[PDB]
Amino acid sequence: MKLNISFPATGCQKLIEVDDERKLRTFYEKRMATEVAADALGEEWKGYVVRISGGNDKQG
Amino acid sequence: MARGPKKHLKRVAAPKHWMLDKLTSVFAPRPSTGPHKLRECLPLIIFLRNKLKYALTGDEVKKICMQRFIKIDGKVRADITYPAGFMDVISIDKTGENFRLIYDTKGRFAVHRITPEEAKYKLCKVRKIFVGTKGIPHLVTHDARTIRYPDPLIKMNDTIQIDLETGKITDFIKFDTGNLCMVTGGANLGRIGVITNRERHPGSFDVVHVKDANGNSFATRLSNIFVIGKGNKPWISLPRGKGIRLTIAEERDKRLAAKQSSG
Amino acid sequence: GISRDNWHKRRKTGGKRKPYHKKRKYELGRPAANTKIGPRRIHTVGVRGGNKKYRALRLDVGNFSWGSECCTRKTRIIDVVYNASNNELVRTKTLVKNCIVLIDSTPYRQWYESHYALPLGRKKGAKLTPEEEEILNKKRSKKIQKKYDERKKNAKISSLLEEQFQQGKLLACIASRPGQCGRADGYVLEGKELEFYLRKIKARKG
RNA sequence: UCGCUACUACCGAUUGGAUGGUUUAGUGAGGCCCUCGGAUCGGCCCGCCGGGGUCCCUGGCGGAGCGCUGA
RNA sequence: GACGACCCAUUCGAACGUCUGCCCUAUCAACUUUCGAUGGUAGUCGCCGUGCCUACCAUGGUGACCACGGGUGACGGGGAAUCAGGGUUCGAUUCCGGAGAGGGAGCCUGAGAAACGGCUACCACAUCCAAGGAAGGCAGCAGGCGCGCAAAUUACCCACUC
RNA sequence: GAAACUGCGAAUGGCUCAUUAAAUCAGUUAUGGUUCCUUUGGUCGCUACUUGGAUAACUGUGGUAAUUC
Ligand SMILES: [Mg+2]
Ligand SMILES: [Mg+2]
Ligand SMILES: [Mg+2]
Ligand SMILES: [Mg+2]
Ligand SMILES: [Mg+2]
Ligand SMILES: [Mg+2]
Ligand SMILES: [Mg+2]
Ligand SMILES: [Mg+2]
Ligand SMILES: [Mg+2]
Ligand SMILES: [Mg+2]
Ligand SMILES: [Mg+2]
Ligand SMILES: [Mg+2]
Ligand SMILES: [Mg+2]
Ligand SMILES: [Mg+2]
Ligand SMILES: [Mg+2]
Ligand SMILES: [Mg+2]
Ligand SMILES: [Mg+2]
Ligand SMILES: [Mg+2]
Ligand SMILES: [Mg+2]
Ligand SMILES: [Mg+2]
Ligand SMILES: [Mg+2]
Ligand SMILES: [Mg+2]
Ligand SMILES: [Mg+2]
Ligand SMILES: [Mg+2]
Ligand SMILES: [Mg+2]
Ligand SMILES: [Mg+2]
Ligand SMILES: [Mg+2]
Ligand SMILES: [Mg+2]
Ligand SMILES: [Mg+2]
Ligand SMILES: [Mg+2]
Ligand SMILES: [Mg+2]
Ligand SMILES: [Mg+2]
Ligand SMILES: [Mg+2]
Ligand SMILES: [Mg+2]
Ligand SMILES: [Mg+2]
Ligand SMILES: [Mg+2]
Ligand SMILES: [Mg+2]
Ligand SMILES: [Mg+2]
Ligand SMILES: [Mg+2]
Ligand SMILES: [Mg+2]
Ligand SMILES: [Mg+2]
Ligand SMILES: [Mg+2]
Ligand SMILES: [Mg+2]
Ligand SMILES: [Mg+2]
Ligand SMILES: [Mg+2]
Ligand SMILES: [Mg+2]
Ligand SMILES: [Mg+2]
Ligand SMILES: [Mg+2]
Ligand SMILES: [Mg+2]
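Residues numbered from 1 in each chain as written, not as in the entry; some residues may be left out. Chains lettered and ligands numbered in written order. Part of a larger assembly, values for the part shown. Heavy atoms only, no water.

Draft legend 1. Structural context of the overall build of chain A. Tallying secondary structure elements over chain A gives 0 helices and 4 strands in all. By residue count, 15% of the 60 residues in chain A fall in the buried class. When the accessible surface of chain A is totalled, it reaches about 5,300 Å², and 51% of it is carbon and sulfur. Charge centroids of chain A, computed over 10 positive and 10 negative side chains, lie 3 Å from each other. (Helix = DSSP H or I, 4+ residues; strand = E, 2+ residues; numbered from the N terminus. Buried < 20%, exposed > 50% of the residue type's maximum accessible area, 1.4 Å probe, protein only. Areas by Shrake-Rupley, 256 points an atom, 1.4 Å probe, with all protein chains shown as cover. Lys, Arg positive; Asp, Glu negative; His and termini not counted. Charge placed at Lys NZ, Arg CZ, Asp CG, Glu CD.)

Draft legend 2. Structural view of the nonpolar core. Residue and element names in this part refer to chain B. Counting 37 residues, the largest nonpolar core has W18, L42, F47, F86, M87, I90 and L101 as the members making the most contacts within it. Per-element tally for this core: the top contributor is helix α1 (residues 44–49), with 5 residues. Counting only domains with at least three residues in this core, you end up with domain 1 (2–117) and domain 3 (175–245). Dropping the residues within four chain positions of it, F47 is found in contact with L42, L52, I90, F99, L101 and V111. (Core = buried A, V, L, I, M, F, W, Y, C linked by side-chain atoms within 4.5 Å. Domains from an automatic or database assignment. Contact = heavy atoms within 4.5 Å.)

Draft legend 3. Structural view of the protein's contact with RNA strand D. Inspection of the region around RNA strand D gives A:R31, A:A33, C:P31, C:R41, C:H43 and C:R58 as its neighbouring residues. In this structure, a phosphate oxygen belonging to RNA strand D sits 2.9 Å away from a side-chain N or O atom of A:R31. In this structure, a phosphate oxygen belonging to RNA strand D sits 3.3 Å away from a side-chain N or O atom of C:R41. The class makeup of the residues in the surface near RNA strand D is 2 nonpolar, 1 polar and 3 charged. (Near = heavy atom within 4 Å. Polar contact = N/O pair within 3.5 Å; in protein donor to acceptor, adjacent residues only side chain to side chain. Nonpolar A, V, L, I, M, F, W, Y, C, P; charged D, E, K, R; others polar.)

Draft legend 4. Broad picture of the sheet that holds strand β16 (residues 189–192) of chain B. Residue and element names in this part refer to chain B. Spatial strand order, β16-β15-β19: 3 strands in an open sheet with antiparallel pairing. Looking along the sheet, the strands with just one partner apiece sit at the ends: β16 and β19 (225–229). With direction set aside, neighbouring strand axes in the sheet form an average angle of 25°. With 2 bridges connecting them, strand β15 (residues 180–184) and β16 associate as antiparallel partners. Paired with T184 across the bridge in β16 is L189. (Pairing = 2+ DSSP bridges. Axes fitted to C-alpha atoms, helices over the stretch in contact; angles between N-to-C directions.)

Draft legend 5. Structural context of the protein's contact with RNA strand F. In the neighbourhood of RNA strand F, 32 residues make up the surrounding shell, with A:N4, B:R3, B:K7, B:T33 and C:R11 lying closest. The sugar and phosphate moieties of RNA strand F supply 73% of its atoms located within 4 Å of the protein. Contact distances for RNA strand F include 3.2 Å between a phosphate oxygen and a backbone N or O atom of B:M1. B:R3 is positioned such that a nitrogen or oxygen atom in its side chain is 2.7 Å from a sugar or linking oxygen of RNA strand F. Residue composition of the surface near RNA strand F, grouped by class: 7 nonpolar, 12 polar and 13 charged.

Draft legend 6. Seen up close, the packing of aromatic side chains. All told, the structure shown has 10 aromatic pairs over all chains when counted by the stated rule. With 6.0 Å between their ring centres and 40° between their planes, C:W66 and C:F165 make a pair best called tilted. Residue C:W66 is found in strand β3 (residues 61–66), and its partner C:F165 is found in helix α3 (residues 159–165); the two are separated by 99 residues along the sequence. Take C:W66 and C:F165: they sit in the same class, and that class is buried. Feature note: the residues B:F86, B:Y103, B:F109 and B:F226 constitute an aromatic cluster, connected by ring pairs. (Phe/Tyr/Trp six-rings, centres within 6.5 Å; stacked < 30°, edge-to-face > 60°.)

Draft legend 7. Seen up close, the arrangement of the chains. The two units chain A and chain C are non-contacting; their minimal C-alpha-C-alpha distance is 33 Å. In this structure chain B stays clear of chain C, and the shortest span between their C-alpha atoms is 10 Å.

Draft legend 8. Local environment of the pairing of strand β5 (residues 99–103) of chain C. Residue and element names in this part refer to chain C. Counting buried positions along β5 gives 5 out of 5 residues, so the element sits mostly inside the fold. Neither face of β5 is left uncovered, since the one carrying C99, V101 and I103 and the one carrying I100 and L102 both have all their residues buried. Bridging between strand β4 (residues 71–83) and β5 involves 5 bridges; their strand directions are antiparallel. In the sheet register, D79 faces β5, and the bridge partner there is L102. As paired elements, β5 and strand β6 (residues 170–174) share 4 bridges and run antiparallel to each other. Bridge pairing in β6 places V101 opposite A172.

If you want it as structure tokens, here you go:
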């Protein structure tokens, strides 16, 4: 699964793609409107916390 | 289906006194909702192209009416299917002519030009009387008008002469035995004569008699009498031949003698 | 839905009729309100031609009137005792028209006292002394007989009524469909209706 | 009467076949009503900053009960 | 002047109700009822009258003047063909009334719908697929298959009536 | 002045005759037992020099083979 990251501050976004499910466990078994740290996303996100805002399914 | 109100009117089913042809096309103008009943009205479109010949097709009526030329009781009507009716006074300023809708004696409307010092008042027939809130007495005429504070002697079936810039009734004729009357329903349509009688069958359609200027008498229903004069003296002007309803054996003779086959 | 059509049921002769059309909307049914007692819960429904219509569930207060004295006061509703059509509405305390209820009767006491300067159903003379006697006896001398003798020869509350205030609960009859006006109003029992319903309650239950 | 050839309907082992409608008993999708439920989103109550005035009122950032209240 | 708005009237209606009026059948003579059938009292519900529906009570209502059941290649009427006088047969069909959008059912929105050129579900059909899913209703106008003795072009245009 | 929010209309019109025999329908009457968009006429007096937050079109990133998603 890919991600659609957004930054409401300056108004920009980027569709990133990951495959190592290791960096995906931060989301699994969670709901919408919850917040979570992106520390497991990579070295570039350290003090980064982001809110899950929904998405699409397989089949859309 | 019918689940709501209809809005078209078929040419055959239209009223007869509109004197419409048969082979133009399937529909007829279908007068819009107004103060006059659907069978008793005459839409403005039928008055300008079938009678006065001013226009030729529906669009010409629409672009005559849009320029704000036509006035129905002082006000300026822009709806071409507006339901004009008995005692309404069309005024065409740009020409300087006026008309009064009155039944001709064959039982249909006809053009009847009136003097502009007359087209300032119209008659109405009283339909209801009631005391509103706080004790104010009201009035309802045949064309839906509501007059507040009328004189406390005007009652049902009477006639009242109003003005077109104020309402505010001026004179009133009282329904009783001896006054003039014009008849506005059924077989005797457009006849005139003194009332001369009224029988009263309680709970059903009281009957009224009349008597022409030639002895001819003809009953009617009371809900079809319309007083237009104090007695033998009609207030409003009258069409030629004055509701006398001559028989066909007389209509033939006048046609032959006048030999009205040309001009 | 549910419907109030005539055509679903058979004619004088006992013969069936075959269905004439699908159920129309103007034959509409909708379910019962079943007003209980409790804190207010009024819903609304849209009926033919706009025209809000307030359905009432869980009512508590009623604008009851006292015909002889021309009084009428918003009063708490205590209970239902007798239902003249079906009895299992008093077992479940549903509050419909021409029910029979017990109300609180306090504001009528207050009005009667303050108007006639007299006591209604009391127990003793100890509780009336610390307060509320400052209202029964006054500064007044002019007024205090100039009008309060006009209030004498008239304070003759009936025995059947007077016996009720000693408990503070009055028998009343609903005169409004709660399920269509949201309100539960009515009047308080007088005269011979009182004897009727006293007999009926004592007869059936208990 | 018996015998020939054509045609028409009848009874009938099969307890014929199909089709459609009735109907007791049992299950019963979906909407409406009611009694609950409460994902989630707000506002007012405590700091720092900017405006007024004598610490309060506004606007914003953050956090403590998130207390209460609304949908 | 345009717009909006409470209530009253008026208009276009709509809804319910009164009297009289129907083709064939006795190889249909008794029917109707706690699964409301006729009536009374009080309510529920509904836009209002009403067994319309619930609770208690009474035992009623219809029939040889044809009830009730069955059949109709039965949608009703204005009308059509023939016709000395009387009649017989026809009326799917351009005007008026009713009913229905494959069959049954439920509802949203609205002044107005139990609406299908609206939505939801079952029944019967049928289309697309990456087999996860999605989509449908010509008894509107043309057109096609089928059915049958039996019925026209997948044209043009809002100029006329509205 | 495209688009888009808002209002209105889409319940008329057209097509067919399966159902349906006191039903539908016709003439006759009644709503004093009801509702009524619209039109027509009445009715309009027990921070104010003007309040609140939040959406579409538009910009930008998207998912499914597929749809007026
Ligand atoms: Mg139609
Ligand atoms: Mg329909
Ligand atoms: Mg019109
Ligand atoms: Mg309304
Ligand atoms: Mg043989
Ligand atoms: Mg044989
Ligand atoms: Mg046989
Ligand atoms: Mg069988
Ligand atoms: Mg079965
Ligand atoms: Mg069941
Ligand atoms: Mg369910
Ligand atoms: Mg259910
Ligand atoms: Mg609740
Ligand atoms: Mg709650
Ligand atoms: Mg009864
Ligand atoms: Mg009743
Ligand atoms: Mg019997
Ligand atoms: Mg008998
Ligand atoms: Mg029968
Ligand atoms: Mg026939
Ligand atoms: Mg048939
Ligand atoms: Mg003949
Ligand atoms: Mg016909
Ligand atoms: Mg046929
Ligand atoms: Mg045809
Ligand atoms: Mg028709
Ligand atoms: Mg009719
Ligand atoms: Mg078909
Ligand atoms: Mg609407
Ligand atoms: Mg439908
Ligand atoms: Mg349609
Ligand atoms: Mg659809
Ligand atoms: Mg579907
Ligand atoms: Mg279609
Ligand atoms: Mg076709
Ligand atoms: Mg062939
Ligand atoms: Mg042929
Ligand atoms: Mg063929
Ligand atoms: Mg045109
Ligand atoms: Mg729009
Ligand atoms: Mg609309
Ligand atoms: Mg049917
Ligand atoms: Mg029958
Ligand atoms: Mg039958
Ligand atoms: Mg009848
Ligand atoms: Mg009729
Ligand atoms: Mg009738
Ligand atoms: Mg409009
Ligand atoms: Mg107005």
